[PDB]
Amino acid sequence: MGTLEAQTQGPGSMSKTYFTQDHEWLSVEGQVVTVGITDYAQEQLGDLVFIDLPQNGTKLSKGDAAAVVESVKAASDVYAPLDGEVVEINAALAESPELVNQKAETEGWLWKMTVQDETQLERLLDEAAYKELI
């Protein structure tokens, strides 16, 4: 699969991004899974005023509420797309929550988590619960 390629990071390798059923995305690079909300989601919410991120070291199960993204008109929980452990959060978002509006699917990522084996993600891709973002 293309997930193997992204995990291996051999020459000419490229990270793969997938979108979920709930306007979230995840990207795989090595064993690091980066998670954010989609461009669609940031547009639904309007200008973001606060981002509440998970604590580093948090053990997540698929579906756990992990973050909150908040505009004046609306708030939205962001759920873990896979089981794993939070290892990094996007420190830019404290001063610049609007980076999520500007670059939702790239620089406005919310957190990074480790997954040791991609069997769960492989299942969700095979089911087309999650789909490749092109």
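Residues carry their position along the shown sequence, with the first being 1.
Taking the PDB entry as given, 71-79 carries the higher mean Cα B factor of the two stretches 96-104 and 71-79.
Of the two stretches examined, 11-19 and 107-115, the record assigns the greater average C-alpha temperature factor to 11-19. Annotation for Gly63: CA B-factor lies in the lowest third of the chain's modelled residues. Per the PDB record, residue ranking by Cα B-factor puts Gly36 in the lowest third of the chain. Among all modelled residues in this chain, the alpha-carbon of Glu29 has a temperature factor (C-alpha) in the highest third.
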